[PDB]
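A.B. asks: Take a look at target-v3.cif, mmCIF, C-alpha atoms and all ligand atoms:
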```cif
data_final
#
loop_
_atom_site.label_atom_id
_atom_site.label_comp_id
_atom_site.auth_asym_id
_atom_site.auth_seq_id
_atom_site.Cartn_x
_atom_site.Cartn_y
_atom_site.Cartn_z
CA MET A 1 -7.24 -87.69 64.37
CA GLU A 2 -4.88 -85.14 62.83
CA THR A 3 -2.02 -85.55 60.36
CA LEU A 4 1.21 -83.66 60.93
CA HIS A 5 0.91 -81.10 58.14
CA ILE A 6 1.43 -77.52 57.03
CA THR A 7 -1.64 -75.44 57.80
CA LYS A 8 -0.61 -72.12 56.26
CA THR A 9 1.76 -71.56 53.34
CA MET A 10 4.42 -68.92 52.77
CA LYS A 11 4.18 -65.75 50.74
CA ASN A 12 6.46 -64.43 48.03
CA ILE A 13 8.28 -61.29 49.19
CA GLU A 14 10.41 -58.51 47.73
CA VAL A 15 12.70 -56.26 49.82
CA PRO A 16 15.43 -53.77 48.90
CA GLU A 17 19.02 -54.99 49.16
CA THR A 18 20.55 -54.86 52.67
CA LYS A 19 17.14 -54.91 54.34
CA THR A 20 15.57 -57.80 56.25
CA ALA A 21 13.11 -60.27 54.70
CA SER A 22 11.09 -63.10 56.26
CA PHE A 23 9.02 -66.18 55.50
CA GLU A 24 6.44 -67.71 57.80
CA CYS A 25 4.88 -71.14 57.84
CA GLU A 26 2.27 -72.53 60.22
CA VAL A 27 1.96 -76.22 61.05
CA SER A 28 -0.49 -78.58 62.78
CA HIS A 29 1.65 -79.64 65.75
CA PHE A 30 3.99 -78.23 68.36
CA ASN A 31 7.69 -79.16 68.61
CA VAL A 32 8.13 -79.53 64.84
CA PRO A 33 11.69 -79.12 63.62
CA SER A 34 12.24 -76.01 61.53
CA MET A 35 13.37 -77.56 58.27
CA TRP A 36 14.17 -74.53 56.13
CA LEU A 37 15.71 -74.83 52.70
CA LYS A 38 17.34 -72.32 50.35
CA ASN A 39 17.12 -73.64 46.77
CA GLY A 40 16.85 -77.13 48.30
CA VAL A 41 19.88 -76.75 50.59
CA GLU A 42 19.29 -77.05 54.33
CA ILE A 43 19.63 -73.66 56.04
CA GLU A 44 21.79 -73.43 59.15
CA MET A 45 21.30 -70.75 61.81
CA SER A 46 23.82 -67.96 61.52
CA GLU A 47 24.31 -64.26 62.06
CA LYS A 48 22.43 -63.97 58.76
CA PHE A 49 19.66 -66.59 58.86
CA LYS A 50 17.52 -66.61 61.97
CA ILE A 51 15.37 -69.66 62.55
CA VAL A 52 12.54 -68.82 64.93
CA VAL A 53 9.66 -70.79 66.38
CA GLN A 54 6.62 -69.66 68.29
CA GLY A 55 4.41 -72.66 69.00
CA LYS A 56 2.93 -73.66 65.67
CA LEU A 57 4.45 -70.66 63.87
CA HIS A 58 7.78 -71.06 62.07
CA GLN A 59 9.74 -68.14 60.75
CA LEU A 60 12.89 -67.65 58.74
CA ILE A 61 14.40 -64.20 59.22
CA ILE A 62 16.84 -63.30 56.45
CA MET A 63 18.98 -60.34 57.48
CA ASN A 64 21.31 -58.13 55.47
CA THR A 65 19.85 -59.29 52.17
CA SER A 66 22.02 -59.33 49.06
CA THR A 67 21.21 -60.05 45.40
CA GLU A 68 22.48 -63.61 45.93
CA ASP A 69 19.71 -64.19 48.52
CA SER A 70 17.13 -63.93 45.72
CA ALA A 71 16.12 -67.58 45.81
CA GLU A 72 13.40 -70.11 46.50
CA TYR A 73 12.89 -70.82 50.20
CA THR A 74 11.15 -74.00 51.37
CA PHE A 75 9.61 -75.29 54.61
CA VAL A 76 9.37 -79.05 55.08
CA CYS A 77 6.88 -80.84 57.39
CA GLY A 78 5.00 -84.14 57.32
CA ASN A 79 4.85 -85.31 53.72
CA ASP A 80 4.37 -81.63 52.81
CA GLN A 81 6.65 -78.92 51.63
CA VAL A 82 5.78 -75.33 50.69
CA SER A 83 7.89 -72.77 48.85
CA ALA A 84 8.00 -69.07 48.12
CA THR A 85 10.40 -66.71 46.38
CA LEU A 86 12.48 -63.86 47.74
CA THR A 87 13.37 -61.07 45.36
CA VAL A 88 16.05 -58.76 46.69
CA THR A 89 15.32 -55.25 45.30
CA CA B 101 21.90 -52.81 45.10
CA CA B 102 24.12 -56.48 45.09
CA CA B 103 8.82 -85.17 55.00
#
```
With the file now loaded, output its structure as structure tokens.

C.D. replies:
Amino acid sequence: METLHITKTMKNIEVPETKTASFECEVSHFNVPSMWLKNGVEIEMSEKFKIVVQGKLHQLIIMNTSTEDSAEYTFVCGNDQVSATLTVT
């Protein structure tokens, strides 16, 4: 029928320091866990990183960006994973 897979990939993004950035990923199925990675390290929800789901849409909101947040961000689902880069300023 249908594999559990990523249906729409993420986009590279640049924002000025201290502003908010985001990444979005769309997947095939509902109730998928939001497996977000920063340089391969699992991201935990905090005051800074917001992990948001709307049905098949998954979004990482990165608030109060600093230079250090310039990284590769990854979404994992099925046997897929997609990545994009954040450049801060
Ligand atoms: Ca600066
Ligand atoms: Ca800085
Ligand atoms: Ca997997």

A.B. asks: Near stretch 19-28 of chain A, counting only C-alpha atoms, which residues have an atom at most 6 Å away, once you skip same-chain residues fewer than 2 positions from it, shown as an MDAnalysis selection string?

C.D. replies: chainID A and resid 4:10 16:17 56:65

A.B. asks: Provide the atom CA of residue A:67 to atom CA of residue A:11 distance in Å, to one decimal place.

C.D. replies: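 It comes out at 18.7 Å.
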
A.B. asks: Counting all atoms listed in the file, figure out which residue out of A:1, A:15, A:41, A:86 gets nearest to ligand CA 101 (chain B).

C.D. replies: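 Checking each candidate against ligand CA 101 (chain B), we get A:15 as the closest.
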
A.B. asks: Quick one: distance from atom CA of residue A:87 to atom CA of ligand CA 103 (chain B) in Å, one decimal?

C.D. replies: 26.4 Å

A.B. asks: Return as a ChimeraX atom specification every polymer residue, whether protein, DNA or RNA, with at least one atom no more than 10 Å from an atom of ligand CA 103 (chain B); count all atoms listed in the file.

C.D. replies: /A:4-5,35,75-81

A.B. asks: In Å to one decimal, how far is atom CA of residue A:82 from atom CA of residue A:14?

C.D. replies: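 Between atom CA of residue A:14 and atom CA of residue A:82 the gap works out to 17.7 Å.
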
A.B. asks: At a cut-off of 6 Å from (8.3, -68.8, 47.2) in the coordinates of the file, what residues are picked up using all atoms listed in the file, written as a PyMOL selection string?

C.D. replies: chain A and resi 12+72-73+83-85

A.B. asks: Give the answer as one residue: which of A:70, A:18, A:39, A:3 has the shortest atom-to-atom distance to ligand CA 101 (chain B), using all atoms listed in the file?

C.D. replies: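 Between A:70, A:18, A:39, A:3, the residue approaching ligand CA 101 (chain B) most closely is A:18.
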
A.B. asks: Go through A:68, A:88, A:74, A:54 and flag the residue nearest residue A:36, using only C-alpha atoms for the distances.

C.D. replies: A:74

A.B. asks: Nearest to residue A:37: which of A:49, A:55, A:89, A:13 is it, counting all atoms listed in the file?

C.D. replies: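 Of all the options, A:49 lies closest to residue A:37.
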
A.B. asks: Between A:50, A:66, A:71, A:44, single out the one closest to ligand CA 102 (chain B), counting all atoms listed in the file.

C.D. replies: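 For ligand CA 102 (chain B), the nearest of the candidates is A:66.
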
A.B. asks: Is there a way to complete stretch 31-56 of chain A with N, CA and C atoms and then write that out as a PDB file, keeping the file's coordinate frame?

C.D. replies:
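The new file rebuild.pdb reads:
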```pdb
ATOM      1  N   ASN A  31       6.401 -78.479  68.552  1.00  0.00           N
ATOM      2  CA  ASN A  31       7.690 -79.160  68.610  1.00  0.00           C
ATOM      3  C   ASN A  31       8.121 -79.766  67.273  1.00  0.00           C
ATOM      4  N   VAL A  32       7.711 -79.133  66.179  1.00  0.00           N
ATOM      5  CA  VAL A  32       8.130 -79.530  64.840  1.00  0.00           C
ATOM      6  C   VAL A  32       9.502 -78.935  64.558  1.00  0.00           C
ATOM      7  N   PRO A  33      10.399 -79.720  63.952  1.00  0.00           N
ATOM      8  CA  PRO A  33      11.690 -79.120  63.620  1.00  0.00           C
ATOM      9  C   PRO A  33      11.537 -78.120  62.485  1.00  0.00           C
ATOM     10  N   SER A  34      12.278 -77.027  62.569  1.00  0.00           N
ATOM     11  CA  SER A  34      12.240 -76.010  61.530  1.00  0.00           C
ATOM     12  C   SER A  34      13.152 -76.404  60.382  1.00  0.00           C
ATOM     13  N   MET A  35      12.596 -77.114  59.412  1.00  0.00           N
ATOM     14  CA  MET A  35      13.370 -77.560  58.270  1.00  0.00           C
ATOM     15  C   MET A  35      13.252 -76.563  57.123  1.00  0.00           C
ATOM     16  N   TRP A  36      14.148 -75.580  57.134  1.00  0.00           N
ATOM     17  CA  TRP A  36      14.170 -74.530  56.130  1.00  0.00           C
ATOM     18  C   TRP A  36      15.198 -74.840  55.077  1.00  0.00           C
ATOM     19  N   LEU A  37      14.836 -74.586  53.827  1.00  0.00           N
ATOM     20  CA  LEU A  37      15.710 -74.830  52.700  1.00  0.00           C
ATOM     21  C   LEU A  37      15.869 -73.566  51.863  1.00  0.00           C
ATOM     22  N   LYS A  38      17.084 -73.340  51.363  1.00  0.00           N
ATOM     23  CA  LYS A  38      17.340 -72.320  50.350  1.00  0.00           C
ATOM     24  C   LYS A  38      17.742 -73.009  49.060  1.00  0.00           C
ATOM     25  N   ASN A  39      16.913 -72.892  48.020  1.00  0.00           N
ATOM     26  CA  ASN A  39      17.120 -73.640  46.770  1.00  0.00           C
ATOM     27  C   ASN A  39      17.391 -75.148  46.996  1.00  0.00           C
ATOM     28  N   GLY A  40      16.731 -75.718  48.001  1.00  0.00           N
ATOM     29  CA  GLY A  40      16.850 -77.130  48.300  1.00  0.00           C
ATOM     30  C   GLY A  40      17.952 -77.489  49.282  1.00  0.00           C
ATOM     31  N   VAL A  41      18.767 -76.508  49.667  1.00  0.00           N
ATOM     32  CA  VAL A  41      19.880 -76.750  50.590  1.00  0.00           C
ATOM     33  C   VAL A  41      19.460 -76.397  52.008  1.00  0.00           C
ATOM     34  N   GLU A  42      19.689 -77.301  52.953  1.00  0.00           N
ATOM     35  CA  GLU A  42      19.290 -77.050  54.330  1.00  0.00           C
ATOM     36  C   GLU A  42      19.916 -75.766  54.874  1.00  0.00           C
ATOM     37  N   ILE A  43      19.107 -74.895  55.463  1.00  0.00           N
ATOM     38  CA  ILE A  43      19.630 -73.660  56.040  1.00  0.00           C
ATOM     39  C   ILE A  43      20.072 -73.887  57.493  1.00  0.00           C
ATOM     40  N   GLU A  44      21.272 -73.415  57.800  1.00  0.00           N
ATOM     41  CA  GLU A  44      21.790 -73.430  59.150  1.00  0.00           C
ATOM     42  C   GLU A  44      21.615 -72.052  59.784  1.00  0.00           C
ATOM     43  N   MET A  45      21.385 -72.020  61.093  1.00  0.00           N
ATOM     44  CA  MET A  45      21.300 -70.750  61.810  1.00  0.00           C
ATOM     45  C   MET A  45      22.636 -70.031  61.745  1.00  0.00           C
ATOM     46  N   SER A  46      22.602 -68.748  61.433  1.00  0.00           N
ATOM     47  CA  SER A  46      23.820 -67.960  61.520  1.00  0.00           C
ATOM     48  C   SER A  46      23.475 -66.531  61.896  1.00  0.00           C
ATOM     49  N   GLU A  47      24.491 -65.685  61.883  1.00  0.00           N
ATOM     50  CA  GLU A  47      24.310 -64.260  62.060  1.00  0.00           C
ATOM     51  C   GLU A  47      23.304 -63.737  61.038  1.00  0.00           C
ATOM     52  N   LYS A  48      23.280 -64.376  59.866  1.00  0.00           N
ATOM     53  CA  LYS A  48      22.430 -63.970  58.760  1.00  0.00           C
ATOM     54  C   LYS A  48      21.027 -64.589  58.817  1.00  0.00           C
ATOM     55  N   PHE A  49      20.955 -65.917  58.850  1.00  0.00           N
ATOM     56  CA  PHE A  49      19.660 -66.590  58.860  1.00  0.00           C
ATOM     57  C   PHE A  49      19.201 -66.892  60.274  1.00  0.00           C
ATOM     58  N   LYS A  50      18.065 -66.330  60.655  1.00  0.00           N
ATOM     59  CA  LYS A  50      17.520 -66.610  61.970  1.00  0.00           C
ATOM     60  C   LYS A  50      16.362 -67.576  61.837  1.00  0.00           C
ATOM     61  N   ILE A  51      16.422 -68.665  62.585  1.00  0.00           N
ATOM     62  CA  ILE A  51      15.370 -69.660  62.550  1.00  0.00           C
ATOM     63  C   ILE A  51      14.581 -69.603  63.839  1.00  0.00           C
ATOM     64  N   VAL A  52      13.336 -69.136  63.746  1.00  0.00           N
ATOM     65  CA  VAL A  52      12.540 -68.820  64.930  1.00  0.00           C
ATOM     66  C   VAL A  52      11.245 -69.622  64.996  1.00  0.00           C
ATOM     67  N   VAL A  53      10.908 -70.090  66.190  1.00  0.00           N
ATOM     68  CA  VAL A  53       9.660 -70.790  66.380  1.00  0.00           C
ATOM     69  C   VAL A  53       8.857 -70.194  67.510  1.00  0.00           C
ATOM     70  N   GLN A  54       7.564 -70.016  67.254  1.00  0.00           N
ATOM     71  CA  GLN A  54       6.620 -69.660  68.290  1.00  0.00           C
ATOM     72  C   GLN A  54       5.415 -70.584  68.206  1.00  0.00           C
ATOM     73  N   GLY A  55       5.458 -71.657  68.992  1.00  0.00           N
ATOM     74  CA  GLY A  55       4.410 -72.660  69.000  1.00  0.00           C
ATOM     75  C   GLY A  55       4.283 -73.350  67.660  1.00  0.00           C
ATOM     76  N   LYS A  56       3.199 -73.043  66.956  1.00  0.00           N
ATOM     77  CA  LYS A  56       2.930 -73.660  65.670  1.00  0.00           C
ATOM     78  C   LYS A  56       3.376 -72.768  64.513  1.00  0.00           C
TER      79      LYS A  56
END
```
